[PDB]
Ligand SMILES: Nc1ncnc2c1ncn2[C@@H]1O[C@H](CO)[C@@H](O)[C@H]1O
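Have a look below at one chain only, the form deposited without the named molecule, in structure tokens format.
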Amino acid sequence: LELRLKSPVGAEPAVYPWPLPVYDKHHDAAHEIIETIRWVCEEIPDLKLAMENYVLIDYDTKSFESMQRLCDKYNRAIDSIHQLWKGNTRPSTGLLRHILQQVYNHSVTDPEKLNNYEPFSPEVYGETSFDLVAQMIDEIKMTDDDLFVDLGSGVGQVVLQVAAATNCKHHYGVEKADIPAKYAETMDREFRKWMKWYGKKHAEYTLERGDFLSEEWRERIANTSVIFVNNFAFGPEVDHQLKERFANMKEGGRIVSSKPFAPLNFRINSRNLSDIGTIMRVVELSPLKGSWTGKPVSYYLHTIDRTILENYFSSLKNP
């Protein structure tokens, strides 16, 4: 009692047991199967031609025979296409959203175990987070010279999105908490598997368990060109310690966060020379300022710039 979907690129088939798993009250593997077939048909026009027109309209998700017929119709169409071609790019944003949801659904089987009541829960990543990360990727424009680090990466969703979208040398996710770090290990395996199934390319990435405030992570942060950090719930000790880590970054180093690390209107004077604002520019980025119909949300871009401090010293010596 199982359903199989052949890979469009000839990777191992996707195998689902019957009864099909339920993800939540309105989401299940039956809808994941249908949407997977629709995405494959969308980015292979010959498949849309080969597949019989009625198959994706008349289905019963609660009938094994109906779900098996649908799966077999898609599989036969994949075979006809593999016969035609007989005689890896980055995923589109739409496909990437589907891949990340699918990776989460196969990985995080018990979402209760996360103990996350915040609007930044991994359970609701596809809601606003995905769109805001997509907006962030278009705004910061990373290259092969960049190293991306998500400090407090949860189950690794931001890392997986950024690695699928950009050409950074490497993407890192560091998570301290045991439950999301263990789930991140499954997210990693499922992501690599599904990306191979779709025939999609991603950059190199590593999801690791660790404390980003440790001695080891001090030099690592200093050598990072792009830091992503959801610092919304951080206490003053973690905030203070992080600012010390950032103070060792290179000129042009960037930090993307949910709360600014320095005031947006920082003005250097003799009484605030210790403040992180003396060595970084800070800008508020908002998709409502940047065709956005989502949440009225903002994020913050910090850029290491020691000329802020230099100009202050030059202005004292050269009035």
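Numbering starts at 1 and follows the sequence shown.
The same protein also has a form solved in complex with the named molecule, omitted here; what follows describes it.
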Of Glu244, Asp138, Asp144, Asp211, the only residue with a heavy atom within 4.5 Å of the named molecule in the deposited bound form is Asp211
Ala222, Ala177, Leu95, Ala203 - the one with a heavy atom within 4.5 Å of the named molecule in the deposited bound form: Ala177
Using a 4.5 angstroms cut-off on non-hydrogen atoms, would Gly154 count as touching the named molecule in the deposited bound form? yes
In the deposited bound form, is there a heavy atom of the named molecule that lies within 4.5 Å of any heavy atom of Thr166, even though the partner is absent here? no
How about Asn230: is it within 4.5 Å of the named molecule in the deposited bound form, going by heavy atoms? yes
Contacts from 13-45 to the named molecule in the deposited bound form (any heavy atom within 4.5 Å), listed N to C, are none
